[PDB]
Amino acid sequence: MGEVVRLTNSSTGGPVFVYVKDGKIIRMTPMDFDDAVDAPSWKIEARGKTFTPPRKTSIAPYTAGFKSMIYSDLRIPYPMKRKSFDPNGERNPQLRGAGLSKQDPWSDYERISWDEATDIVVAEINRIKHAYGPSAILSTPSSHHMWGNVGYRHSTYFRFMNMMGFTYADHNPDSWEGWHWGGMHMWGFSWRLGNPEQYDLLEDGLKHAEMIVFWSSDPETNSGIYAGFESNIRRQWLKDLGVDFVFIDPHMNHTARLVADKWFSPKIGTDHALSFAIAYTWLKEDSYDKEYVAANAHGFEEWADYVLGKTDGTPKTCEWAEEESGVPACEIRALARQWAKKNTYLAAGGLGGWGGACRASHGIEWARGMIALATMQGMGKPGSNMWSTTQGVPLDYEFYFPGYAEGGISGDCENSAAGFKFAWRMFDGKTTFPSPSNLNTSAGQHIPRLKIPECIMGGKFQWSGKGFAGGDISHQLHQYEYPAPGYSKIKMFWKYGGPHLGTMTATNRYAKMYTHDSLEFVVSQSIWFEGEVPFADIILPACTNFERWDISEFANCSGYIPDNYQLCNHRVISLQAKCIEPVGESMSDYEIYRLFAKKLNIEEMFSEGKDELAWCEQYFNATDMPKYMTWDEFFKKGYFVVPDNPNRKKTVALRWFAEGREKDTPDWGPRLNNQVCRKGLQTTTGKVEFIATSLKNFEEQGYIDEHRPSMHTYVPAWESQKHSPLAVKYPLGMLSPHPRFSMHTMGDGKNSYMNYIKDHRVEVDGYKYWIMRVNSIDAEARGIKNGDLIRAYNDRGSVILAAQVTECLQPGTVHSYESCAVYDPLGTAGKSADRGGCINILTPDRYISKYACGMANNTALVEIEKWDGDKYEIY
């Protein structure tokens, strides 16, 4: 009926040009800049060369094949109701997931109208609120979400929920675990949940780098986050400058496979043995920055005595480290010596912080170990810092555009970073108003996402901290309980998405909780019929960001990752055009909430009479965009490339700290009250505390915690091959990092094109099985051959996988990405082997430490064998 039109939109894998014709998406591609209307890029002159980025953006694999997700046959087609669920009769809680237990999920549901679905949910909401109160209504989306600032969970979800309930299952700082519960006590950075700032490090590195140690870092795979492959050319520049790349990772990751000069494969949970031996070498050879340490460290003398083995009787030698990790002593010492004499950047994690190693049983000591090494070598000075090569791009930090974490239309200052700046720009206290919550606050009631199963099935729990405790170093130490004083236990559960079986810990427990009799009602507001969705009583179809209007900036999260758009080669602001009408009978989350608001008699307050596009324009006017173009002009162009700011003075991450002067970067901390005269780290002493003062206070107050000592020491990982009794039955060490070809659950399954990728899933007898990588030696010992179906198991469950025999793992170590989107039990749900590929069924649910209430997934002991075909209904 018409011609092809090129529109714009974006995703968690980067911005794209969307070609549409007759209401159908033809293709989605990376973006080409038009030098006639798009501002010039930045340039960096270093070591006799001029570096400038390509005039184009890049995308991730899962974004390249995203069209197959939009038009997926597993897309929820219309509102659905569980047949065995009668609101006014037998609710049959025990029959939730019955379809799944008989390998026929869809058979459990029947089609219903939007009007009837919403009436049923409203009747439940009102009944529960008047009988138990809003706290009885549990709700939680999950960590990630379709791209788009206005419709993002911190925005639309919170604006509505805050006006309706509710008890939030606040998220644990998954991405940051070790840095959050451990590193924070050592160097502060609470506002970044333990991660360091990275401002202007690219130019610093191009001019001074001689070596980069990628520790638990796979920049190519993770891109930091949301940045496609923007940093690929940068490591290419470094490589051509002669910079050496060393990788320390149990698995020879994708970046290592591409540019590694040397690769170390430590056994799971033993990285801190390597950091202690490196420090030991530096102390014995006097090869570190003593001046820097003398001025910027606290408790270093005592720590040094520990490293030297004076206090515990065990010198942390490279030989001692080899016996612990399996990495040759000579190589550890060689790296140590080279690191000391060359300008070396420590790329801990893919972002500059993070790293799979941080969310493992040794996560706390790994993070502190990374800080210790960077500190000893004088981080902040030219040629020495913590930099993962993904951030640090010289973008205009002075131009302001909100990341999704700043709240959008919710203005929630306690559960989003709206309070820093956006809330004040977006709301005027006259014509438009925020939606605060008096329940999702410390003095109200929330439960830990990691312990939802225990709260539902046990009816009681006690823990430390509330979600992301970034306010101050000690906020995570505050004690909470469920049910909270005066509040009600959960009666209803409103799920937004359903990825937990593949993303949390020892996940069979999440499947078991749905059938508990205390759960009177479960609603799932999702996009695809997968994961946990088939356990709900009512299912509401939401649409992707390609079916609604929104606005956003390439990789811009902001908030707990201030100015992270510096992950990209250009700051790109784009209008997310509604490319097509919603698929099936789905609708945007905002429209769903608008419909509920109407039935709850709060429509005016929630919507303020605005549709998604009206909110986008208001949002737009609250940014610095009006300085360059009007809404009308922006809407027409579709995207804007922020101009370069050539003359701004460079402020390299931590240089101010290294030089003992006032903080001068654009970072959001430390807060003035956490510093003396605007100098020093957020820590009490303002220095890097090898003996954390906050933890010393905590332990002296009576909170004894063996696995989180105030002093950074070699605490044996509780789930490692030589320190866990479990190793006898399950000798193999498994690490389960983020999926290479999917943004967590968003990409896998759904009959998407990504399932045809050779290294994603392997088709065997018509079924595409998840992959587990095994060293040829371990495979041979078990009669396992490439492509064979194997069973990975431990006390927590069984998972059927396709084996990939490789040399990319030290013998004894196995690897399998987490975040499988498919939950496909061979028997009863939560009690049998899964063939979908949910590796997190096997990971430990035990907290990193007694009070460090984070996930320790990446250290799991398992055993594998050729699958005999049984369903193993024994869990």
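We number the residues from 1 along the sequence you see.
Asker: Identify the stretch, either 82-90 or 538-546, whose C-alpha atoms have the larger mean B-factor according to the entry.
Answerer: Averaged over C-alpha atoms, the B-factors run higher in 82-90.
Asker: Taking the mean of the C-alpha B-factors per stretch from the entry, tell me the winner out of 404-412 and 275-283.
Answerer: Comparing 404-412 with 275-283, the higher average CA B-factor belongs to 404-412.
Asker: From the list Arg449, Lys466, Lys722, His185, select the residue with the highest C-alpha B factor recorded in the entry.
Answerer: Of the options given, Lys722 has the highest CA B-factor in the PDB entry.
Asker: Which is it among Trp215, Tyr590, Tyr628, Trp387: the one with the largest CA B-factor in the entry?
Answerer: The listed residue with the largest C-alpha B-factor is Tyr628.
Asker: Just say lowest, middle or highest third for the CA B-factor of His154 relative to the other modelled residues in its chain.
Answerer: Ranked within chain, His154 CA B lands in the middle tercile.
Asker: Ranked by Cα temperature factor within the chain, is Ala36 in the lowest third, the middle third or the highest third?
Answerer: Highest third - that is where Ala36 ends up once the chain's C-alpha B-factors are sorted.
Asker: Of the three thirds of its chain by CA temperature factor, lowest, middle or highest, which one includes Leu335?
Answerer: Ranked within chain, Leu335 CA B lands in the lowest tercile.
Asker: Going by what the PDB entry lists, where does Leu681 fall on CA B-factor within its chain: lowest, middle or highest third?
Answerer: For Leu681, whose C-alpha B-factor we compare with every modelled residue in the chain, the answer is the middle third.
Asker: Lowest, middle or highest third: which one holds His815 when the chain's residues are ordered by CA B-factor from the entry?
Answerer: Lowest third of the chain for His815's C-alpha B-factor.
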